[PDB]
Each structure stands twice: as structure tokens, then as C-alpha cells.
Amino acid sequence: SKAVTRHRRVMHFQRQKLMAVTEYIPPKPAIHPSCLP
Amino acid sequence: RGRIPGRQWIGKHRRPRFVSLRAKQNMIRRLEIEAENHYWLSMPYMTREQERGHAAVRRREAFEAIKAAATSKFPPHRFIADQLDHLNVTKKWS
Amino acid sequence: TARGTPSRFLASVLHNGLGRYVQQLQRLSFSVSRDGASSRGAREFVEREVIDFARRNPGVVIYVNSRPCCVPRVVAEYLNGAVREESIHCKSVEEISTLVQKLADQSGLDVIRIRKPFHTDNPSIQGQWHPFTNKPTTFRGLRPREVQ
Amino acid sequence: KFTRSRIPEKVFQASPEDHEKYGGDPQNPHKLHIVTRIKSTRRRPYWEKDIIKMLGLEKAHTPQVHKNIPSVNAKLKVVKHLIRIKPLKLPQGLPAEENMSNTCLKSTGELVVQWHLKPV
Amino acid sequence: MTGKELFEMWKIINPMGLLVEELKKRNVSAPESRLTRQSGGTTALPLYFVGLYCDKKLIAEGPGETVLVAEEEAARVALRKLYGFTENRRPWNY
Amino acid sequence: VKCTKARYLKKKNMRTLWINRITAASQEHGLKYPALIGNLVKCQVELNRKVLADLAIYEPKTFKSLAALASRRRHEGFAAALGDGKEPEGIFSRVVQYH
Amino acid sequence: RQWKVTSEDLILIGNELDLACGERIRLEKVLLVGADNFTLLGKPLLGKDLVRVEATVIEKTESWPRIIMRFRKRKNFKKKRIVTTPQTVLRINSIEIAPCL
Amino acid sequence: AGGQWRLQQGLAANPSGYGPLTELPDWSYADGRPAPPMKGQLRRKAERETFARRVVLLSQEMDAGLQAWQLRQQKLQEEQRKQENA
Amino acid sequence: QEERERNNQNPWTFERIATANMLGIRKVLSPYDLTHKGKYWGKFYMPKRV
Amino acid sequence: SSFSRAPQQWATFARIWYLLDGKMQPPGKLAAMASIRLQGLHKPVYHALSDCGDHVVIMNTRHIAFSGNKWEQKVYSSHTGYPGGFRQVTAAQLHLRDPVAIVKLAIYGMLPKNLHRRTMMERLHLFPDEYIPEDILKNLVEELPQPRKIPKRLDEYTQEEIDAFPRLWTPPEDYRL
RNA sequence: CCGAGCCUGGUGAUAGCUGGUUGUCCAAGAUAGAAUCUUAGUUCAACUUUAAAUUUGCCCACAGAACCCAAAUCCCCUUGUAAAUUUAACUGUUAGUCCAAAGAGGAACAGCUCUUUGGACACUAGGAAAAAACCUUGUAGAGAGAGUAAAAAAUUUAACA
Ligand SMILES: [Mg+2]
Ligand SMILES: [Mg+2]
Ligand SMILES: [Mg+2]
Ligand SMILES: [Mg+2]
Ligand SMILES: [Mg+2]
Ligand SMILES: [Mg+2]
Ligand SMILES: [Mg+2]
Ligand SMILES: [Mg+2]
Ligand SMILES: [Mg+2]
Ligand SMILES: [Mg+2]
Ligand SMILES: [Mg+2]
Ligand SMILES: [Mg+2]
Ligand SMILES: [Mg+2]
Ligand SMILES: [Mg+2]
Ligand SMILES: [Zn+2]
């Protein structure tokens with residue numbers, strides 16, 4: 001198939017592993033900023 | 001019920017594979033040792049011009065050894081001993 | 001093949017290692033021909049090495065027939081009565097020597113599949129495991145859910 | 001399409017945090033790379049596989065030595081994803097001719113010239 | 001002699017009586033037999049562990065199909081222990 | 001061909017059988033196989049799985065000793081996780097260095 | 001490979017040791033040793049002076065003929081070979097422990 | 001199992017790799033005589049000594065190349081001296 | 001988007017991995033990915049992706 | 001040891017009668033441990049050819065408890081053999097009609113799919129209530145513990161525990177409650 | 001059993017087409033294209049093979065390679081390695097499938113078709129459920145030794161002054 005598709009083109013497994021490793025991990029303190037501060 | 005069109009792993013529709021923390025740990029390990037490799041590849045010891053002409057003698061002499069091994073090739077030597085040892089098949093006690 | 005072949009448990013005859021060791025090979029009988037290029041190796045072997053072989057191994061006995069034979073043979077009898085017949089037809093002297101030496105070192109019992117590569121006379125120390133070794137007892141020996 | 005991948009030179013620029021982490025002095029840098037092949041040669045381009053055969057890494061988990069110089073670091077960069085790399089560092093000076101036989105490696109990249117094979 | 005145990009060669013009858021005789025020779029009380037463990041009493045495969053206790057002191061335990069068999073076995077164990085032919089004994093020195 | 005390719009299967013089957021036996025013995029002592037193996041290794045004892053199973057069968061007391069050692073090493077490792085350094089190392093966690 | 005052994009017990013190995021029959025040898029490596037009420041295991045192996053394991057050689061023999069046959073499908077690939085691996089049989093005569101500890 | 005721990009300690013990941021469990025002799029004469037080395041130990045010693053020879057060669061080649069560069073640069077300096085003297 | 005890609009705790013980003021070619025993934029990837037690092041996949045657009 | 005060969009062999013390969021009370025436990029966990037004991041894995045002499053299994057008894061299977069809405073949503077399906085004979089029933093009504101089927105088939109699924117499965121299932125025993133025939137509650141060995149603990153209710157929590165537990169917040173007095 | 005009889009002989013008719021092709025063991029070894037009343041084949045080339053002569057072969061470091069209107073590539077001393085060219089003799093392959101990427105046709109359909117770089121398969125083994133093409137992994141044996149490789153998806157959803 002083509003690169004550009006109407007549907008979401010299923011990706012290679014290594015590609016999906018990489019995208020599953022790469023995410024935005026939100027930096028939060030150990031304490032929630034509402035109850036304590 | 002629950003079948004897949006065509007082959008299970010190819011085409012416009014295939015079986016959806018999913019990732020596991022097992023594989024995630026595996027690949028993070030591989031890429032972190034690869035970052036170690038990057039670090040150790042950095043900070044070279046010598047410069048291009050410093051390491052330019054040090055191994056020329058070794059490369060040359062190795063190649064002439066290869067050349068000599070190639071040139072020195074002939075049929076083996078033939079011997080009367082090897083020829084006549086075949087007569088000892090008709091050995092027998094007197 | 002294992003299922004096609006019979007099997008046995010590893011064992012030594014008369015526990016040869018504990019007391020004095022004795023070579024379990026008893027007798028050898030060589031069948032060679034004066035003529036015949038096939039027996040040239042055997043003739044040269046009885047010339048050179050069989051003397052030294054006998055000197056090295058006094059307990060064994062050796063017989064040589066030296067008769068007309070198209071194929072030279074070697075027969076080995078053991079204390080068990082086990083017989084081993086090998087054809088040395090057109091065979092070299094050093095390999096005949098290796099054959100004879102491994103025959104002498106060989107034990108008088110058929111070479112077949114060994115079920116397990118060891119054998120213990122009394123494998124149990126500290127007591128064999130039974131289901132009740134690793135669980136406690138009950139006061140007055142009472143089963144679960146019984147009054148008296 | 002798929003072709004040989006060029007690497008930007010900035011990737012190989014250690015940072016102070018990298019130095020503090022890996023314990024590698026940018027000054028007086030090590031001389032020799034211990035190298036091992038960790039990844040399979042298959043499912044890789046012909047150039048990568050013949051380059052590891054060039055280095056002599058057809059055998060896996062077999063530590064082999066090279067120099068830390070640009071002409072070699074280029075090939076090591078080409079096949080960096082397939083290999084473990086570490087430096088060579090020894091306390092006991094270069095192996096002397098008398099101690100050629102009783103040498104030994106260590107998992108830490110160390111090369112001991114004496115190997116008494118007994119505990120302290 | 002190595003392999004085979006005692007009662008394979010030297011069979012006996014009335015091991016309990018023989019044991020009581022030996023204990024009266026060694027000047028100790030008459031021990032009592034008590035099933036220490038039980039399983040499948042009603043089952044076709046009864047299983048008993050019977051111990052022999054003197055003066056509230058155990059000498060031997062014996063497993064068995066039935067109570068009588070387990071008692072005979074415990075007596076055999078105690079006899080082996082007394083006569084020194086335990087399987088865990090010092091081997092023969094050559 | 002099946003006789004050839006049954007060899008590796010024999011190896012794997014017997015390994016898994018030793019695994020199962022050791023797991024059972026450890027479970028009836030209150031431990032489990034991964035903990036046991038890791039603790040023994042970091043206590044510097046190389047007893048392969050077959051001798052482990054043979055010892056579990058024929059010598060349960062020695063296996064109880066080994067399981068106790070393993071559990072004590074688990075507890076020492078937990079104490080170390082609580083305090084990484086700044087503490088006296090475990091008596092059994094101590095190691096021997098060769099040269 | 002490991003073994004669990006005692007006195008008066010046989011053992012097989014699948015290689016040649018370069019020993020004549022009747023020879024006695026002292027086995028060095030021991031992972032542990034156990035008596036009825038105690039056992040002794042090293043880190044990893046025990047000291048030389050502590051134990052003395054002695055074994056006699058009894059037999060040198062080729063193993064039974066084992067097949068190695070390779071075969072592939074619908075492409076005329078089949079390949080046979082026979083092997084007779086050598087074997088040596090040992091017997092542990094006795095085991096002793098020293099007071100040094 | 002425990003390979004990462006063995007590496008943390010400095011040991012081989014697989015105990016069969018190196019150490020006393022494998023490098024010591026597996027048998028000796030009952031009379032106390034030393035047994036001949038095993039073939040595995042022989043070939044491992046051979047590999048190790050070739051490894052050391054190669055390391056020495058590589059190191060001293062690098063050193064000689066560096067010294068040659070130093071000498072060539074010093075020559076460069078003195079020949080500039082010669083030029084301006086001319 | 002920019003403060004998220006600045007403050008993310010994951011040390012590993014498609015930018016770094018692709019520009020490095022640390023796992024030979026340059027074959028499964030495209031040359032377009034070097035600029036379409038993670039955000040794009042064909043015509044689609046993953047704004048949460050970073 | 002110092003035991004005779006036949007008594008030792010009998011004692012070693014003997015069977016054991018385990019008992020379990022399934023009151024307020026999950027049938028999955030119960031079936032896990034029961035399948036272990038039936039296969040005989042817990043015995044360090046395990047081997048599939050050697051029928052080293054053990055007999056197991058369950059009580060109070062009527063008082064079994066799942067986690068989640070499984071009673072309502074999980075479905076057991078079976079086909080009689082006739083056309084249209086395919087029918088389904090939730091665990092709830094299947095329990096109402098037969099209280100033991102659930103755990104017995106759970107163990108049937110846990111166990112391997114060999115021919116020994118049926119024999120081990122026959123060695124197995126199940127009882128909806130804590131009532132047992134004389135033979136079967138006599139020929140026992142040991143009652144192994146339960147996997148999970150049961151949380152206590154307010155009528156079970158003694159007063160001293162409540163007093164030790166601190167109150168948390170001040171309610172305003174003006175409140176209907 | 002006549003779109004033109006049956007018997008014999010030429011006749012072992014010819015068949016680019018189908019089928020079949022007998023003992024054991026080892027090694028190297030799937031490869032761009034051109035012309036053809038030619039595309040079910042064949043000749044040359046390319047690849048592969050054997051024996052010999054010789055020496056450079058491969059990776060490649062700066063520099064270098066267009067106006068018009070991106071990944072990379074050619075050349076390339078060093079370096080790390082040991083192959084390469086040439087000579088003499090043939091044979092066989094020359095109807096190819098998926099995946100990743102750049103594209104074209106088609107519907108931004110196809111397990112679709114057509115070109116290019118790479119990989120795998122048509123060679124063994126483990127895994128994704130069984131699976132050709134996906135992921136780990138190659139040089140071959142005996143073992144009742146051991147350390148690892150890739151390797152098991154998580155998700156539940158909407159009140160309002
Ligand atoms: Mg495409
Ligand atoms: Mg299908
Ligand atoms: Mg007609
Ligand atoms: Mg006609
Ligand atoms: Mg024809
Ligand atoms: Mg055909
Ligand atoms: Mg080949
Ligand atoms: Mg044609
Ligand atoms: Mg060049
Ligand atoms: Mg076609
Ligand atoms: Mg197609
Ligand atoms: Mg297609
Ligand atoms: Mg083909
Ligand atoms: Mg190999
Ligand atoms: Zn709060």
C-alpha cells in the first residue's frame with residue numbers, strides 16, 4: 001500500500017515499540033500540589 | 001467468529017500486535033548501552049594526521065606475505081618410497 | 001535407536017573398582033592368514049606389538065591360529081563369557097593396536113543405550129523424601145475438623 | 001529510500017553530565033576499545049555485515065581489541081548499534097614478556113597481567 | 001556385601017519379640033507402638049507411620065500399608081539402628 | 001530425524017522437570033524458585049538444577065538449610081535496599097575476591 | 001557438569017581422560033559435602049585440605065552407535081552419519097573430611 | 001541467572017566463562033602428582049596470550065606513530081628556523 | 001507543546017533516536033521522519049505525541 | 001533412612017487427602033492450588049508418567065465469591081448436540097442450578113488436556129456444604145490455608161480497635177444527618 | 001471408435017510440452033539486463049564453479065562533480081582487513097513472493113500491477129497461536145551442565161444552580 005492512506009496505516013512492530021517507548025512523562029513532584037501547599 | 005481477512009499479518013488489514021513492558025525494557029536496555037557506545041566513541045585518542053602513516057609497514061608486509069603464499073603453489077613432490085610401498089601388499093611369510 | 005535397541009542400567013561386574021582391579025578381558029584369539037594382503041596388518045602386528053602387548057598384560061591370554069582366511073578376525077572372551085568378534089580385514093597396525101587396547105579396557109557386557117550415566121548403591125542420606133517430612137504434627141494427633 | 005545513514009558529528013560530543021556518569025576523562029583518553037558483537041548480523045545490510053566481518057566479529061560474545069582513532073571509529077559508528085564497546089584500562093602496566101601466558105580479562109574491561117587463581 | 005541390606009540376607013520372624021528381648025538385655029523398658037501419622041485409613045491404600053517409644057522416648061519409626069506392617073517396619077528400623085547396619089553408616093574401609 | 005531432534009527436547013524437558021521439583025520443594029519450605037536461585041547465586045553457590053532436585057529428593061535437610069540461607073539473603077538484600085551503603089554489609093552477602 | 005556422589009558408587013563420563021585402567025585419582029572440585037546431620041559448602045568450592053575424594057577408573061569404551069540423520073522436504077536432501085563417542089567409567093572409592101576448619 | 005549480579009561484582013556472567021570453577025584442574029593423581037592441562041585450558045591460554053601480544057603491538061604502534069608525528073612537527077619547527085636564517 | 005517537549009522526563013525522543021540510528025530503525029522509518037519526527041504519520045497529526 | 005524398600009517406596013509415592021474450605025474465596029485461586037495438588041507438582045518426585053497425584057476435598061462451594069460483576073456478566077456456554085442446542089448461562093444461575101460445576105470446570109480448565117485429567121478429576125471431591133460422609137472426612141491428612149483473608153465487618157470489629165483507630169474530622173453540630 | 005478406413009514399412013517420426021531419471025560422504029553455490037514470428041525456449045551478458053599467473057581488492061579523508069528548476073551517490077589517500085583482477089573450461093540460473101522506504105497506474109482498493117535501495121524466504125533453530133516473507137539467531141557433533149537473545153496490552157466516557 002501507499003504511505004498516505006485514508007485509514008491509519010498499520011506500522012511496523014519496531015516502529016510501534018519505539019512510539020510506545022517515546023511519550024510525554026509529565027514531571028510531577030511526589031506530593032500533589034493541592035493538599036500540601 | 002473473530003477471523004481475519006487474508007493473511008494474519010499483512011495487507012490493508014492485519015492482526016493488531018501490541019507492545020509489552022517486557023519489550024520496552026529490552027529495547028531501552030539496548031539503546032542505553034548504545035548511548036554508552038556513543039560516549040566511548042567520542043573523545044578519540046589520536047588525530048587523523050597523527051594516525052596517518054603508522055601501520056603502513058604492517059599492511060604492506062602482510063600483503064606481501066599473502067602474495068608469497070599465492071605465488072608459492074605447485075604440485076607436491078613424488079617419491080620412490082611412496083611409489084614402492086604399494087608393493088608391500090603381496091607381503092607374506094616364508 | 002533407543003526403542004529399537006534394548007536397554008540396561010549402568011553396572012560394573014563384581015564391583016571391580018572397590019577391591020583390587022582386574023582387567024575383565026580374559027582371552028584373545030587371532031585368526032590370520034600367511035598369505036593375503038588383507039592379513040598384512042595382522043601379520044605385522046603379531047610380529048611387532050603382540051609381544052609387548054602380552055608383556056604389558058600378563059593376566060590376559062592370547063591364541064593365534066595362523067590358518068588360511070579370506071578375512072582376518074579377532075575374538076575376545078571376557079570373564080562374563082561375553083564374546084566380541086571384530087573383522088580386521090585390510091586394517092592398519094596402529095588402529096589395530098587401538099582396537100586391542102580398548103578391548104582390554106572394555107568391560108564384558110553389551111554396548112547398548114545406558115538409561116542413566118551413573119549408579120549408586122545407597123543414594124539415600126538424611127532419609128528419603130516422603131510427603132510428611134516437611135510438615136508439622138498436631139497435638140494428640142488430630143485430623144482437621146474432629147472433636148475427639 | 002533506504003540508504004547508508006550519515007551521522008551528524010555533534011552526536012559524539014560528550015557532555016559534563018555524561019563524563020560524570022560514565023567516568024570517562026576527556027583528557028588522557030583511553031587507547032584501546034574492547035568490542036563485542038551483541039546483535040545478529042542477519043536482517044542487516046551487506047555493508048554492515050561485511051564491516052563486522054572486517055573487524056573480525058563474526059563470533060559473538062568474543063571480546064576483541066581495536067584502537068581509538070578516527071579511521072576505526074568511523075566503522076564503529078557504522079555498526080555501533082550491533083556491538084558493545086568499552087575502554088581498556090589496566091593498573092599493572094603493559095603485559096611483560098615473562099607474563100604473556102598468565103594474563104586474564106575481567107568483566108570491567110580490565111586486563112590483569114598476573115593471574116594467581118586464588119582468593120585474597 | 002555392599003549393596004544388599006541386613007534383612008535381605010538375614011531374615012527373621014517375630015521381630016517385635018526379638019526386639020523386646022534385646023531391650024530387656026540392654027536393660028530398658030518395654031516400648032509402646034503408636035501410629036504417628038495416618039492417611040487413607042478407609043481407602044484401599046492405607047498408609048501408617050508407627051513410632052516405637054520407650055519411656056516417652058522414640059527410637060524408630062516405620063511406614064506401612066497397615067498398622068501391623070508399619071509396626072513390623074519400625075521394629076526392623078530399631079533393630080538396624082541397634083545392630084549398627086543403618087544405611088547411613090560408615091562404609092567399609094579398604 | 002526425530003531421534004536427532006529429540007535431544008534438545010530431552011535437555012529442555014529435564015531442565016523444566018528439575019525446575020518443577022525445586023519449585024515444589026521451595027514452596028513447601030515457604031520459598032519460590034526465582035528468589036531461591038538468585039539468593040544462592042549472590043551467596044556464591046553454583047549447584048546446578050539437577051543436583052538441586054536430587055538433593056531436594058534424597059536429602060531434604062540440606063535443602064532446608066539452603067532455603068534458609070536463601071531467605072536470609074533475601075532479608076539482607078531488603079536491608080540493603082532500605083540502606084544502600086552507610087551500614088555494615090550482610091554477613092552472608094559478603095563475597096570473596098579472586099586473583 | 002555437576003554430580004552428586006557417595007562412596008562405592010559408579011559414574012560415567014562421555015570423554016577420554018588419558019588414564020590407564022585401575023588408576024586412582026583425587027578429585028579436586030567439590031561444591032559441598034554432607035553427613036547425616038550436617039553439610040559443608042564453599043564459596044563456591046571447598047578447600048583442598050578439607051576433603052579427599054578418591055576415584056578409580058574401571059572401563060574405557062565407545063558409546064553405543066548413535067545416529068545423526070538430517071532430512072529436508074521435497075528437495076532430495078538426506079544425510080546420515082554414525083557416532084561412537086568414547087566413555088570412561090569411574091568409581092568413588094571413599095570420601096574423607098579433615099578437622100581443619 | 002544472576003549474571004547482572006556477577007557483573008556488578010566483577011565476575012563473569014556465566015560461571016563457566018572464567019574463574020576457579022573452570023580454570024582449576026578437574027582431576028589429579030591419587031599420589032598427589034599434577035595432572036596434565038586440559039585442552040580447553042590450553043587453547044584458552046593460547047587465545048589469551050595472542051590477545052596480549054596483539055594488545056602490546058597495537059599500543060606500541062600507536063605510541064611510535066605519535067612520537068613520529070612529534071618528531072615531524074619538531075623538524076617543521078627547526079626547518080622554519082632554517083628558513084628565516086636563510 | 002514546546003514546554004512539554006522541554007520538561008518531559010523520558011530521556012528518549014524520536015529526534016535523538018532517529019538522528020543517531022541506534023537500532024537500525026532508519027529502515028523502518030522514512031527520510032521524511034527526520035522532520036516529521038513523531039508528530040506525523042502519513043497525513044495524520046498526533047499533537048500529544050512528542 | 002534405614003527403611004525397607006517396599007515400605008519406603010509406598011510411603012514415598014503415597015497419596016494425601018487435602019481439605020479446603022471455599023467459603024468466601026475465588027474459585028480461580030482454589031482451582032489453581034487444587035490443580036497443583038492433583039497433578040502432584042508439590043511433590044518433589046513429580047513426573048507425568050508416575051501418578052503421584054493427591055486427593056482433594058472442597059467445602060462450602062455454595063459460599064463461593066467472584067471479583068467483579070462476573071456472576072452476572074461471565075457466561076458458560078455448551079451445545080447439547082442437537083440443532084439449536086447451543087445455550088448459555090451466567091455463573092449466577094449456573095450456581096443456582098449446580099453449586100459445584102463452577103469450581104469443577106475451573107479445575108478442569110486449569111489441568112492439562114491429557115487423559116490423566118479425568119482420573120485426577122475423579123480423585124477430586126467437592127461438596128456444596130460443610131457436610132461429609134464418615135469415610136471421606138475421616139481419611140484426611142491436613143487442611144491447607146486459604147489464599148486470601150476475609151475483610152471484617154462493622155459488627156465484627158471489636159470496640160478497642162475502633163477506639164485505637166483515630167477519628168478524622170469535626171462535623172458541625174448544626175446538621176440533620 | 002471415418003472431417004475420412006485398416007495392416008506393414010519409413011519409425012527409436014518430431015515434440016521449446018508433461019512425467020520419470022537408481023550407491024555413500026564433504027565442500028562452494030539463488031544476482032542487474034539486451035535481441036529474438038521472441039516472452040513455456042534460446043544466444044550474449046551478469047551471477048555462480050573449478051585449476052592456475054599476478055597484485056592490489058573492500059571500508060574509504062580533505063578536496064572535487066551545472067545553469068535550469070531530501071535521504072543519499074561517484075571518486076577517494078589513510079586505517080582495519082583479505083580478497084580482487086587476469087588467464088583456460090564448461091555448466092546451471094535467465095516464468096519470484098512478502099516486508100520497510102521513494103514513486104507510478106488504480107479508488108491516496110486489493111494477499112493488485114509496474115521501477116529503484118535494502119532485508120527475509122525458496123538453509124537449520126527459538127518466539128508472535130497454528131503461519132514463508134515479521135522479531136531474535138547462523139558453520140553444523142555427544143552431554144541427565146550453565147548465562148542470555150527476541151518474547152504475554154493497556155483501556156470505561158459526560159448531573160446541576
Ligand atoms: Mg509502497
Ligand atoms: Mg486467512
Ligand atoms: Mg469401425
Ligand atoms: Mg486416422
Ligand atoms: Mg522422444
Ligand atoms: Mg515433472
Ligand atoms: Mg555451504
Ligand atoms: Mg516456449
Ligand atoms: Mg581506495
Ligand atoms: Mg508468472
Ligand atoms: Mg504480488
Ligand atoms: Mg501485490
Ligand atoms: Mg526458483
Ligand atoms: Mg555455533
Ligand atoms: Zn490531599
# chains A, B, ... in the order shown; residues from 1 in each chain; ligands from 1
call {"tool": "select_by_dssp", "arguments": {"residues": "region 48-105 of chain C", "states": "strand (DSSP E)", "output": "list in words"}}
result
residues 61, 62, 63, 64, 73, 74, 75, 76, 77, 78, 83, 84, 85, 86 and 87 of chain C
call {"tool": "write_last_selection", "arguments": {"atoms": "C-alpha atoms", "output": "PDB file, in the first residue's frame"}}
result
ATOM      1  CA  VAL C  61      45.870 -64.946  27.353  1.00  0.00           C
ATOM      2  CA  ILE C  62      46.415 -64.802  23.589  1.00  0.00           C
ATOM      3  CA  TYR C  63      45.989 -67.514  20.958  1.00  0.00           C
ATOM      4  CA  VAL C  64      46.995 -67.205  17.297  1.00  0.00           C
ATOM      5  CA  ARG C  73      39.277 -61.945  12.658  1.00  0.00           C
ATOM      6  CA  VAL C  74      39.857 -61.184  16.313  1.00  0.00           C
ATOM      7  CA  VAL C  75      37.800 -62.753  19.094  1.00  0.00           C
ATOM      8  CA  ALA C  76      37.771 -61.606  22.705  1.00  0.00           C
ATOM      9  CA  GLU C  77      36.328 -63.552  25.618  1.00  0.00           C
ATOM     10  CA  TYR C  78      35.650 -61.887  28.959  1.00  0.00           C
ATOM     11  CA  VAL C  83      32.423 -62.649  23.254  1.00  0.00           C
ATOM     12  CA  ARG C  84      33.398 -59.877  20.838  1.00  0.00           C
ATOM     13  CA  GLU C  85      34.273 -60.709  17.228  1.00  0.00           C
ATOM     14  CA  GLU C  86      35.777 -57.970  15.058  1.00  0.00           C
ATOM     15  CA  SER C  87      36.930 -58.189  11.448  1.00  0.00           C
TER      16      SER C  87
END
call {"tool": "residues_near_ligand", "arguments": {"ligand": "ligand 11", "cutoff": "9 Å", "atoms": "only C-alpha atoms (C1' of nucleotides) and all ligand atoms", "output": "list in words"}}
result
residues 97, 98, 111, 112 and 113 of chain K
call {"tool": "closest_atom_pairs", "arguments": {"of": "chain G", "to": "chain K", "cutoff": "8 Å", "atoms": "only C-alpha atoms (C1' of nucleotides)", "output": "Markdown table"}}
result
| residue | atom | partner | partner_atom | distance |
| --- | --- | --- | --- | --- |
| G:1 | CA | K:145 | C1' | 4.5 |
| G:2 | CA | K:145 | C1' | 6.9 |
| G:14 | CA | K:142 | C1' | 7.1 |
| G:85 | CA | K:142 | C1' | 6.2 |
call {"tool": "residues_near_ligand", "arguments": {"ligand": "ligand 5", "cutoff": "9 Å", "atoms": "only C-alpha atoms (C1' of nucleotides) and all ligand atoms", "output": "count of residues only"}}
result
3
call {"tool": "residues_around", "arguments": {"residues": "region 69-81 of chain G", "least_positions_apart": "3", "cutoff": "9 Å", "atoms": "only C-alpha atoms (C1' of nucleotides)", "output": "list in words"}}
result
residues 1, 2, 3 and 4 of chain F; 66 of chain G; 25 of chain K
call {"tool": "interface_residues", "arguments": {"of": "chain F", "to": "chain J", "cutoff": "10 Å", "atoms": "only C-alpha atoms", "output": "ChimeraX atom specification"}}
result
/F:17-28,53-54,56-58
call {"tool": "write_last_selection", "arguments": {"atoms": "C-alpha atoms", "output": "mmCIF file, in the first residue's frame"}}
result
data_model
loop_
_atom_site.group_PDB
_atom_site.id
_atom_site.type_symbol
_atom_site.label_atom_id
_atom_site.label_comp_id
_atom_site.auth_asym_id
_atom_site.auth_seq_id
_atom_site.Cartn_x
_atom_site.Cartn_y
_atom_site.Cartn_z
ATOM 1 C CA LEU F 17 11.398 -31.095 35.391
ATOM 2 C CA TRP F 18 14.187 -30.059 37.746
ATOM 3 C CA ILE F 19 12.611 -26.598 37.808
ATOM 4 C CA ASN F 20 9.245 -28.030 38.828
ATOM 5 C CA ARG F 21 10.725 -30.259 41.530
ATOM 6 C CA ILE F 22 12.764 -27.417 43.014
ATOM 7 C CA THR F 23 9.759 -25.103 42.854
ATOM 8 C CA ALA F 24 7.693 -27.639 44.775
ATOM 9 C CA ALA F 25 10.318 -28.118 47.472
ATOM 10 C CA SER F 26 10.802 -24.367 47.851
ATOM 11 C CA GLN F 27 7.041 -23.826 48.029
ATOM 12 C CA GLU F 28 6.670 -26.413 50.779
ATOM 13 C CA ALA F 53 16.472 -31.684 42.546
ATOM 14 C CA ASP F 54 18.451 -34.714 43.700
ATOM 15 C CA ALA F 56 15.609 -31.930 47.429
ATOM 16 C CA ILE F 57 14.506 -35.531 46.935
ATOM 17 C CA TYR F 58 17.124 -37.575 48.763
#
call {"tool": "closest_residue", "arguments": {"among": "E:23, E:54, E:47, E:16", "to": "residue 71 (chain E)", "atoms": "only C-alpha atoms"}}
result
E:16
call {"tool": "residues_near_ligand", "arguments": {"ligand": "ligand 1", "cutoff": "8 Å", "atoms": "only C-alpha atoms (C1' of nucleotides) and all ligand atoms", "output": "PDB file with N, CA, C and O atoms (P, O5', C5', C4', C3', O3' and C1' of nucleotides), in the first residue's frame"}}
result
ATOM      1  N   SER A   1       0.821  -1.204   0.000  1.00  0.00           N
ATOM      2  CA  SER A   1       0.000   0.000   0.000  1.00  0.00           C
ATOM      3  C   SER A   1       0.858   1.259   0.000  1.00  0.00           C
ATOM      4  O   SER A   1       2.085   1.186   0.034  1.00  0.00           O
ATOM      5  N   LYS A   2       0.202   2.413  -0.027  1.00  0.00           N
ATOM      6  CA  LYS A   2       0.894   3.690  -0.080  1.00  0.00           C
ATOM      7  C   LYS A   2       1.244   4.172   1.324  1.00  0.00           C
ATOM      8  O   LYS A   2       0.821   3.606   2.332  1.00  0.00           O
ATOM      9  N   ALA A   3       2.046   5.235   1.375  1.00  0.00           N
ATOM     10  CA  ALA A   3       2.374   5.858   2.652  1.00  0.00           C
ATOM     11  C   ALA A   3       1.186   6.638   3.193  1.00  0.00           C
ATOM     12  O   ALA A   3       0.834   6.520   4.371  1.00  0.00           O
TER      13      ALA A   3
ATOM     14  P     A K 101       6.877   2.075   5.357  1.00  0.00           P
ATOM     15  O5'   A K 101       7.984   2.817   4.492  1.00  0.00           O
ATOM     16  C5'   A K 101       8.985   3.586   5.133  1.00  0.00           C
ATOM     17  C4'   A K 101      10.049   4.046   4.172  1.00  0.00           C
ATOM     18  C3'   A K 101       9.573   4.796   2.942  1.00  0.00           C
ATOM     19  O3'   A K 101       9.262   6.152   3.195  1.00  0.00           O
ATOM     20  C1'   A K 101      11.179   3.193   2.312  1.00  0.00           C
ATOM     21  P     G K 103       7.576  10.162  -1.852  1.00  0.00           P
ATOM     22  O5'   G K 103       7.370  10.021  -3.424  1.00  0.00           O
ATOM     23  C5'   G K 103       6.488   9.047  -3.961  1.00  0.00           C
ATOM     24  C4'   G K 103       6.857   8.685  -5.376  1.00  0.00           C
ATOM     25  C3'   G K 103       5.704   8.335  -6.303  1.00  0.00           C
ATOM     26  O3'   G K 103       5.062   9.472  -6.846  1.00  0.00           O
ATOM     27  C1'   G K 103       7.391   6.706  -6.512  1.00  0.00           C
TER      28        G K 103
END
call {"tool": "residues_near_ligand", "arguments": {"ligand": "ligand 8", "cutoff": "6 Å", "atoms": "only C-alpha atoms (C1' of nucleotides) and all ligand atoms", "output": "PyMOL selection string"}}
result
chain K and resi 16+40-41
call {"tool": "residues_near_ligand", "arguments": {"ligand": "ligand 6", "cutoff": "8 Å", "atoms": "only C-alpha atoms (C1' of nucleotides) and all ligand atoms", "output": "JSON, numbers by chain"}}
result
{"K": [18, 19, 20]}
call {"tool": "closest_residue", "arguments": {"among": "A:23, A:17, A:29, A:5", "to": "chain K", "atoms": "only C-alpha atoms (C1' of nucleotides)"}}
result
A:5
call {"tool": "residues_near_ligand", "arguments": {"ligand": "ligand 13", "cutoff": "10 Å", "atoms": "only C-alpha atoms (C1' of nucleotides) and all ligand atoms", "output": "PyMOL selection string"}}
result
chain K and resi 30+93+95-96+122
call {"tool": "residues_near_ligand", "arguments": {"ligand": "ligand 3", "cutoff": "8 Å", "atoms": "only C-alpha atoms (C1' of nucleotides) and all ligand atoms", "output": "PyMOL selection string"}}
result
chain K and resi 1-2+5
call {"tool": "write_last_selection", "arguments": {"atoms": "N, CA and C atoms (P, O5', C5', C4', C3', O3' and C1' of nucleotides)", "output": "PDB file, in the first residue's frame"}}
result
ATOM      1  P     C K   1     -18.537 -48.214 -34.255  1.00  0.00           P
ATOM      2  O5'   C K   1     -17.531 -47.263 -33.468  1.00  0.00           O
ATOM      3  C5'   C K   1     -17.524 -45.861 -33.696  1.00  0.00           C
ATOM      4  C4'   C K   1     -16.235 -45.222 -33.242  1.00  0.00           C
ATOM      5  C3'   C K   1     -15.112 -45.181 -34.267  1.00  0.00           C
ATOM      6  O3'   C K   1     -15.239 -44.105 -35.182  1.00  0.00           O
ATOM      7  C1'   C K   1     -14.271 -45.983 -32.211  1.00  0.00           C
ATOM      8  P     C K   2     -16.026 -44.302 -36.569  1.00  0.00           P
ATOM      9  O5'   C K   2     -15.031 -43.738 -37.678  1.00  0.00           O
ATOM     10  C5'   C K   2     -14.095 -42.716 -37.366  1.00  0.00           C
ATOM     11  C4'   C K   2     -13.809 -41.834 -38.555  1.00  0.00           C
ATOM     12  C3'   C K   2     -15.019 -41.093 -39.115  1.00  0.00           C
ATOM     13  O3'   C K   2     -14.624 -39.814 -39.608  1.00  0.00           O
ATOM     14  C1'   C K   2     -14.098 -42.469 -40.791  1.00  0.00           C
ATOM     15  P     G K   5      -8.374 -42.238 -43.334  1.00  0.00           P
ATOM     16  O5'   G K   5      -8.839 -43.683 -42.855  1.00  0.00           O
ATOM     17  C5'   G K   5      -9.791 -43.824 -41.816  1.00  0.00           C
ATOM     18  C4'   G K   5     -10.380 -45.211 -41.774  1.00  0.00           C
ATOM     19  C3'   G K   5      -9.457 -46.321 -41.303  1.00  0.00           C
ATOM     20  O3'   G K   5      -9.397 -46.408 -39.891  1.00  0.00           O
ATOM     21  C1'   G K   5     -10.559 -46.999 -43.278  1.00  0.00           C
TER      22        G K   5
END
